[PDB]
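Structure 1 and structure 2, given next as structure tokens, are two forms of the same protein chain, each shown alone.
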Structure 1
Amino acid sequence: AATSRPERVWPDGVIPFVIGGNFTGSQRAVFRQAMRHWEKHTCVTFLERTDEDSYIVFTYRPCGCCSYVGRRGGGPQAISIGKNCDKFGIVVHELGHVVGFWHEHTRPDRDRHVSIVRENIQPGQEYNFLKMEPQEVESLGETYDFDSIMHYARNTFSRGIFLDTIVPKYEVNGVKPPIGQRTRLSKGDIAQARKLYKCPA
């Protein structure tokens, strides 16, 4: 679910950043690890912010919907890191939003690949499952990626332990594809980010 908006692509892949106060060193290390993970696999780079108008701020506060997708023009955009959303996988996901990805399960073609069970979503979190209108996404020829760090698990924001919010429609290698199990960028994430940022080979 790569943004179709050219103005939301960080120019030259440069993403200036500030880390707010109140984080432990341990938490700051996670941010660096997640940023490095993106840097190592794509041409995106994270720079300590000096005087740039647009930049990201890792902000110590309760977890909550909803993060800005891509570069917000003209002022900073906060990433909410709280006690329950400060692990590597979640930060890598949130940085995916920053670089310009919506959730994979909200791709315009998503009903070909999964079913959303809206009844099972926690009230106030349905924003995270709402299908993107087709003009808002340009997938760059890449197919629906069940392995994406931007794809939720079967029960992400579910109302109960044994209830699914997302159910894949079909089998891949004999089973329904595992979703939302990985905590690292997928092959598909990397390929697509490389096209989005026009990275050299």
Structure 2
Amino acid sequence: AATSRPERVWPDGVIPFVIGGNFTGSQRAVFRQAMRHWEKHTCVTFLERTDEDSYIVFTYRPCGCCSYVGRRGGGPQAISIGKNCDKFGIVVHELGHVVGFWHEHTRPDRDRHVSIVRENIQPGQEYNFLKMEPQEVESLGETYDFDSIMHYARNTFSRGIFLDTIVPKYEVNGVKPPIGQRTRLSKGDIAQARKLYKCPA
């Protein structure tokens, strides 16, 4: 679900950042690990902010919606970390939003790939599952990525742990593909990010 908006691509892949106070050294290490992970697989770079108008601010706040997707023009944007959403994989995901990705399951073509089980969604949270409008996403010729760091789990925003809100429609290597990994950038995330930022081969 890569943004179609050219203004939302960070020029030259350069993303200035500020780490807010109140973070422990341990937490700051995770932020650096997450940023270096992006840097090591793509041409995106993170720079300590000096006088740039647009930059990201690691902010210590309760977990939940919402992040700005891509570069916000004319002011900073928060990347929010809380007690229960501070691990490497979650920060990598949030940096996915920063660079310009919406949630994978909201791709305009997602109905070919997953079913949404509406009756299992937490009332009021259905907006989490609405497709991006077709003009808001340019997938850059890349197929739907079940392994994406940006993909929800099977039971995200569900009425219960054992009730699925998202069910892949078909088998890959004999089984329905697992979704919602928060280990690392997928092969798909990297290929697509490289296209989005026009990274040198």
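Reference numbering: structure 1, starting with residue 1. Definition used throughout: the rigid core is the maximal C-alpha set that superposes within 1.5 Å between two forms.
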So with the core overlaid, does the Cα of residue 109 end up 2 Å or more away between structures 1 and 2?
no
Is residue 124 displaced by at least 2 Å at its C-alpha between structures 1 and 2 when the rigid core is overlaid?
yes
By how many angstrom does residue 182 shift at its CA between structures 1 and 2 when the core is held fixed?
4.1
Superposing on the core, what C-alpha displacement does residue 42 show between structures 1 and 2, in angstrom?
0.2
When the rigid core is overlaid, by how much has the CA of residue 155 moved between structures 1 and 2, in Å to one decimal?
1.2
